[PDB]
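Form deposited in one PDB entry, single chain, as structure tokens, below.
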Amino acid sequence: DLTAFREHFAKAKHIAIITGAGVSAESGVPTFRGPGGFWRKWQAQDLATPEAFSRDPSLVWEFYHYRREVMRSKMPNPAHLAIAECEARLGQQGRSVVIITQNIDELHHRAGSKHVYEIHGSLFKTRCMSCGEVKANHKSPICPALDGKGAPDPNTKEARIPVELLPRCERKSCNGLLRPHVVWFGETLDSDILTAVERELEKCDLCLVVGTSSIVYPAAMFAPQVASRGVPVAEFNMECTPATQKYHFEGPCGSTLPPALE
């Protein structure tokens, strides 16, 4: 029931919103995972690993280049906006709203969200392999060598780019090789962030799960913290709930969420 939720919503002083791949999906962003989510011959699991980066750094960067470029045509959907505006609106009133997102596309930032935690990092940040500096980067193309590369059709030629022409650290005493600042499979989440997210989720008196379920990573790491405090949790996704069952609003977040937050 929406009414029930809204009664909580109106009372809430510290809302936490966890967002999953669903909300990026409704903006037409490919995640490259599961049925027909392919890039060339590969899926994300095959390429989003440090081993792939070690074995074939050109190929991986081609993949991330493409992904960076396809963001130029994908915009924030109404779910991103409603969240951002909600944040803005509640901040005015001394009520907080934080976003904890698994998504690496910056769509919440482009919707105008401010207190956002990117637990898997971002396509538009680099980390230097030598010195470790994390820098914001939105260049198009990120480096010349990759101009016009990264085509998806399975039959494309590899650009087989020499390693020194892929993006390189600018602090030139260094010149290290850059990688996408994202958490690859088989890597850990940065623990400074998890400690901040912990702190937020404890403060929180309403929790939203959007475009994913609490019964699965990453929402699962935390929703129990919050549910064991008696805090209500509301899921918005396109998963079905059995005939026989805290709050769950089936449908697109684009449709469900903005009415809910108004």
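Just so we're on the same page, rigid core means the largest C-alpha set that superposes within 1.5 Å between forms. Counting begins at 1, following the sequence as shown.
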If I compare the deposited sequence with the modelled residues, how many are absent between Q245 and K246: none, 1 to 3, 4 to 9, or 10 or more? 1 to 3
109-117 versus 145-153 - which carries the larger mean C-alpha B factor in the record: 145-153
Mean C-alpha B-factor comparison - 176-184 and 154-162, higher one: 154-162
For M238, the third of its chain by CA B-factor is the highest
Quick check on the deposited entry: does the C-alpha B-factor of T49 sit in the lowest, middle or highest third of its chain? middle
Quick check for you: using the entry's CA B-factors within this chain, is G37 in the lowest, middle or highest third? highest
For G251, does the deposited CA B-factor place it in the lowest, middle or highest third of the chain? highest
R68, C-alpha B-factor rank within chain (lowest, middle or highest third): lowest
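Beyond what is shown, the protein has a form deposited in another entry; the following relates to that form.
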Core-aligned C-alpha movement of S228 between this form and the one not shown reaching 2 Å: yes
Once both forms sit on the same rigid core, is the C-alpha displacement of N237 at or above 2 Å between this form and the one not shown? no
For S24, is the C-alpha shift between this form and the one not shown 2 Å or more after core superposition? yes
Against the shown form, C-alpha atoms of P218 and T256 in that other deposited form: closer or farther, for a change of 3 Å or more? farther
Looking in that other deposited form, are the Cα atoms of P218 and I83 closer together or farther apart than here, the change being 3 Å or more? farther
